[PDB]
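Student: Next up is a structure, given as structure tokens.
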Ligand SMILES: *[C@@H]1O[C@H](CO)[C@@H](O[C@@H]2O[C@H](CO)[C@@H](O[C@@H]3O[C@H](CO[C@H]4O[C@H](CO[C@H]5O[C@H](CO)[C@@H](O)[C@H](O)[C@@H]5O)[C@@H](O)[C@H](O[C@H]5O[C@H](CO)[C@@H](O)[C@H](O)[C@@H]5O[C@H]5O[C@H](CO)[C@@H](O)[C@H](O)[C@@H]5O)[C@@H]4O)[C@@H](O)[C@H](O[C@H]4O[C@H](CO)[C@@H](O)[C@H](O)[C@@H]4O[C@H]4O[C@H](CO)[C@@H](O)[C@H](O)[C@@H]4O)[C@@H]3O)[C@H](O)[C@H]2NC(C)=O)[C@H](O)[C@H]1NC(C)=O
Ligand SMILES: *[C@@H]1O[C@H](CO)[C@@H](O)[C@H](O)[C@H]1NC(C)=O
Ligand SMILES: *[C@@H]1O[C@H](CO)[C@@H](O)[C@H](O)[C@H]1NC(C)=O
């Protein structure tokens, strides 16, 4: 029964180096090529490289060419992944894998439990809140250009529950999250009641209150 | 005439003809502008499965093996599989000469000609015209990283770092 | 060489078939990996149609030309999650088979929001398209500027199926900068949905 046990989850600062181990038992270690694959949230799975234990033959993925280095120890049946010059993009759960059959390498039957890494820059970007205004009417707030996740909006400090829809954030090419939060209210109400959304962003300790005037 | 940093120094009778070589292909893709190739990265089973080998046990470079007729012939189980080693056989051999002083000389111009042939055949397999890069090994044991062979029951380690450092266009 | 999976998010109730498609750009055996939430991903299908270990016969792979299908005949809780397709070292973007309570069809109430003047000063301009309370989740939003389609400049998001409503809401964030925005005077958001007879359009002038 093949087992791929790897290191525990790590927290790293940007620009630092990282080492992760993965030892395996249940099969003869030297026989099968070993791969590393990182999975980022809302992102394509990414193959990092493979490593052939008999002679330490190695093949690094071209995007990572400079910053990736993986080695092996034959005697304790283990492989090590090393990632230098960390960036916030590199936050992912890192898996060591081995194929089903010993040399068709790509049918990844066996995965580790995963080693989650979290590089997070102490630099944070406060939310920019922009109103959205018009039988029934809708008015909301655009929480644009903030970093990182998450923010939690509300309306009238919680007086408004019904009709409110807050949306999952969206990663713009800017690298900064922008979400929207709308509410549907009666058309008449636009004149009678004032509508304030309360954007709360703990990573920056910013807590913006914004009004949506008709 | 390129020379080889060699450890230890190889006696004259160890000087021989080069027949072929082993190329591992770097995993893609970026943009299919170019392909990176490195020596070795091949297990002994890949070498045996290649069937062109001679008597000499070696890494990266086939020695004292059988040549193939007319054109350089490249073979792999699957070329689109970068985990599979590429076997290269030459019609014209390349006489690697060891002085015994510790540096193995080689005809630079001739090795340029053979390399151009390989790159041409690689393009034939990997698409009409992709620029081809030859770089040194990514890493591993000295036997895989350095060109390592056996002569008279004694092992020798030569660095092909000088050798594999080219780039070809079309 | 890239792998394109469709749909991005397939959603439907337990007890009915789910079908996932993966478009390839080259030859080579293709695999299918299931990934349950929080758990490591699991190899479902390899070499096109052969199932891995512990995979029931409810999973089948189908191939025609460059296209591959993973069909899960009878949806159980354990089947829901996110599926990826693979060809050598490359993966597809992913698909998310998620649960969906069946209810009556509802047409979306659409609103369009011009960009905040303060944002306009900052240099950027974000036009928002709101689609509220519609069933089912599959609905298409088309951005046109001076009656001209747009691609890649816009982004989207859909709510979790709201418990009371059992209905989906969508937000389309159309993003520009001040220059291009002021140039074009008039903008329109086009919504085509199952509960809609005709593509409802919501537009405005600068
Ligand atoms: C590394 O390894 C990988 C594997 O891991 C290798 O990948 C394999 O590579 C093979 C060769 O390169 C490749 O075979 C090709 O596949 C072609 C496409 O096959 C699919 O599409 C067929 C229908 O296509 C039609 O429609 C699409 C789009 O709609 C168009 O693109 C096409 O042009 C057509 O218009 C479809 O029939 C086929 O399924 C059959 O094959 C499957 C095998 O996996 C079966 O499961 C399936 O049931 C079908 O089987 C039927 O047909 C076979 C005979 O092919 C028969 O045995 C069965 O009983 C059943 O009847 C796929 O869905 C395909 O077009 C190619 O076929 C032509 O060429 C061969 C010669 O190679 C001829 O013998 C054949 O008759 C046919 O002739 C055509 O071409 C002639 C000249 O080439 C021409 O004269 C003639 O008029 C015809 O046009 C061929 O089979 C594999 O698909 C591929 N495998 C995978 C998984 O991707 C890879 O190559 C390796 N890498 C390297 C570098 O070597
Ligand atoms: C290879 O062959 C040559 C001559 O054919 C011979 O001198 C040499 O000893 C052989 N072995 C090696 C390792 O060069
Ligand atoms: C290599 O082969 C050639 C002819 O094929 C022969 O003349 C030469 O002696 C051989 N050995 C060396 C070291 O070149």
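Protein chains in written order, with the authors' numbering: chain H, 1 to 52, 52A, 53 to 82, 82A to 82C, 83 to 100, 100A to 100D, 101 to 126, 134 to 213; chain A, 2 to 171; chain L, 2 to 30, 33 to 91, 96 to 213. The C-beta atom is built at its ideal place from N, Cα and C for all residues, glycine as well.
Compute every distance between the C-beta of residue 86 of chain A and the non-hydrogen atoms of ligand 3, then say whether any falls below 7 Å.
Tutor: Indexing the second chain from 1 puts residue 86 of chain A at position 85. Checking the Cβ of residue 86 of chain A against ligand 3 gives no.
Student: At what residue ranges does the stretch 86-131 of chain A contain a whole run of the alpha helix (DSSP H), taking only runs of 4 or more?
Tutor: Uninterrupted alpha helix (DSSP H) stretches at least 4 residues long and entirely within the stretch 86-131 of chain A occur at 109-127, given in chain order.
Student: Measuring alpha carbon to alpha carbon, tell me which residue in L/83, L/76, L/41, L/3 is nearest residue 29 of chain A.
Tutor: If you number the second chain from 1, residue 29 of chain A lands on position 28. When each option's Cα is compared against that of residue 29 of chain A, the closest is L/3.
Student: Determine the DSSP secondary structure at residue 44 of chain L, reduced to helix, strand or coil.
Tutor: Start at 1 with the first residue of the third chain, and residue 44 of chain L comes out as number 41. In the structure shown, residue 44 of chain L sits in coil (DSSP, three-state: anything other than H, G, I, E or B).
Student: List the residues of chain A whose Cβ lies closer than 7 Å to the Cβ of residue 87 of chain L, in chain order.
Tutor: Mapped onto the third chain, residue 87 of chain L falls at position 84. Here the premise fails: no neighbours, minimum Cβ distance about 17 Å.
Student: Looking at residue 22 of chain H: is its Cβ nearer than 8 Å to the Cβ of residue 104 of chain H?
Tutor: If you number the first chain from 1, residue 22 of chain H lands on position 22. If you number the first chain from 1, residue 104 of chain H lands on position 112. It is a contact, given that the beta carbons lie within the stated cut-off.
Student: Could you run through the stretch 68-85 of chain A and flag, in chain order, every residue whose CB is less than 9 Å away from some CB of chain L?
Tutor: Of all residues in the stretch 68-85 of chain A, the ones placed with a Cβ closer than 9 Å to any Cβ belonging to chain L are 79, 81, 82, 83, 84, in chain order.
Student: Taking the straight line between their C-alpha atoms, what separation do you get for residue 96 of chain A and residue 111 of chain A?
Tutor: As a position in the second chain, residue 96 of chain A is number 95, starting the count at 1. As a position in the second chain, residue 111 of chain A is number 110, starting the count at 1. About 10 Å.
Student: I'd like to know if residue 120 of chain L contacts chain H, where contact means its C-beta is closer than 8 Å to some C-beta of that chain.
Tutor: Working through the third chain from its first residue, we reach residue 120 of chain L at position 113. Closer than 8 Å: yes.
Student: Specify which residues have a beta carbon nearer than 6 Å to any heavy atom of ligand 2, listing them in chain order.
Tutor: A/14, A/15, A/17, A/57, A/64, A/65, A/150, A/152
Student: Does the stretch 52-60 of chain A touch the stretch 192-207 of chain H, meaning 3 or more C-beta pairs lie closer than 8 Å?
Tutor: no
Student: Going along the chain, which residues of the stretch 131-146 of chain A sit with their C-beta nearer than 7 Å to a C-beta in chain H?
Tutor: 139, 140, 141, 142, 144, 145
Student: Can you grab the Cα-Cα spacing for the pair residue 144 of chain A / residue 160 of chain L, in whole Å?
Tutor: Here residue 144 of chain A refers to the residue found at position 143 when the second chain is read from its first residue. Here residue 160 of chain L refers to the residue found at position 153 when the third chain is read from its first residue. Taking the straight line joining both Cα atoms gives about 52 Å.
Student: Could you name the residues of the same chain whose beta carbon sits closer than 8 Å to that of residue 130 of chain L, not counting the 5 residues immediately before and after it, in chain order?
Tutor: In the third chain, the residue the question calls residue 130 of chain L occupies position 123. Cβ within range, chain order: 184, 185.
Student: Taking 8 Å as the cut-off, decide whether the C-beta atoms of residue 105 of chain L and residue 10 of chain L are in contact.
Tutor: Stepping through the third chain from its first residue, residue 105 of chain L is reached at position 98. Stepping through the third chain from its first residue, residue 10 of chain L is reached at position 9. The answer is yes: Cβ separation under 8 Å.
Student: So residue 87 of chain A packs on residue 26 of chain A, CB below 8 Å; how close in whole Å?
Tutor: In the second chain, residue 87 of chain A corresponds to position 86, counting from 1. In the second chain, residue 26 of chain A corresponds to position 25, counting from 1. Right, the Cβ-Cβ distance comes to about 6 Å (below 8 Å), so this counts as a contact.
Student: Can you give me the C-alpha to C-alpha distance between residue 44 of chain L and residue 81 of chain H, rounded to a whole angstrom?
Tutor: Locating residue 44 of chain L in the third chain gives position 41, where the first residue counts as 1. Locating residue 81 of chain H in the first chain gives position 82, where the first residue counts as 1. For residue 44 of chain L and residue 81 of chain H, the distance between alpha carbons rounds to 22 Å.
Student: Output needed for residue 163 of chain H: all residues of its chain with C-beta closer than 6 Å, excluding positions within five of it in sequence on either side, in chain order.
Tutor: Translated into positions along the first chain, residue 163 of chain H becomes position 164. Counting only Cβ-Cβ distances below 6 Å, and skipping sequence neighbours, we find 154, 182.
Student: What span of residues does the beta strand (DSSP E) with residue 33 of chain H cover, start to end?
Tutor: Position 33 of the first chain holds residue 33 of chain H. Careful: residue 33 of chain H lies outside any beta strand (DSSP E) and carries neither H nor E.
Student: For the structure I just gave you, are there three or more beta carbon pairs, one from the stretch 79-86 of chain L and one from the stretch 7-26 of chain H, closer than 8 Å?
Tutor: The way I'd put it, the stretch 79-86 of chain L doesn't touch the stretch 7-26 of chain H; fewer than three beta-carbon pairs between them come closer than 8 Å.
Student: Using 10 angstroms around the beta-carbon of residue 44 of chain A, count the other beta-carbons present and answer buried if the total reaches 16, otherwise exposed.
Tutor: As a working mapping, residue 44 of chain A is identified with position 43 in the second chain. With 16 or more other Cβ atoms within 10 Å, it is buried.
Student: Which chain H residues sit within Cβ distance under 8 Å of residue 66 of chain A?
Tutor: Looking up residue 66 of chain A in the second chain gives position 65. For residue 66 of chain A, there are no neighbours in chain H by C-beta distance under 8 Å, as the nearest C-beta there is about 20 Å away.
Student: Hey, quick one: how far does the beta strand (DSSP E) through residue 95 of chain H stretch, first residue to last?
Tutor: Taking the first chain and counting its residues from 1, one reaches residue 95 of chain H at position 99. Taken as a continuous stretch (DSSP letters only), the beta strand (DSSP E) holding residue 95 of chain H covers 89-95.
Student: Run the CB neighbour count on residue 147 of chain L, radius 10 Å, all protein chains shown included, and call it buried at 16 or more, exposed below.
Tutor: Start at 1 with the first residue of the third chain, and residue 147 of chain L comes out as number 140. It is exposed - the Cβ of residue 147 of chain L has fewer than 16 other Cβ atoms within 10 Å.
Student: In three-state terms, what does DSSP make of residue 51 of chain A?
Tutor: The residue given as residue 51 of chain A occupies position 50 in the second chain. Helix, per DSSP.
Student: Comparing the CB of residue 80 of chain A with every heavy atom of ligand 1, is any distance shorter than 7 Å?
Tutor: Counted from its first residue, the second chain places residue 80 of chain A at position 79. Ligand 1 has a heavy atom closer than 7 Å to the beta-carbon of residue 80 of chain A.
Student: Let's see if you can read the secondary structure: which residues bound the alpha helix (DSSP H) around residue 139 of chain A?
Tutor: Start at 1 with the first residue of the second chain, and residue 139 of chain A comes out as number 138. Premise fails: residue 139 of chain A is in no alpha helix (DSSP H) and is neither H nor E.
Student: Compare the Cα-Cα distances from residue 44 of chain H to each of L/127, L/6, L/55 and report the closest residue.
Tutor: As a working note, residue 44 of chain H is residue 44 in the first chain. Ranking the options by Cα distance to residue 44 of chain H, first place goes to L/6.
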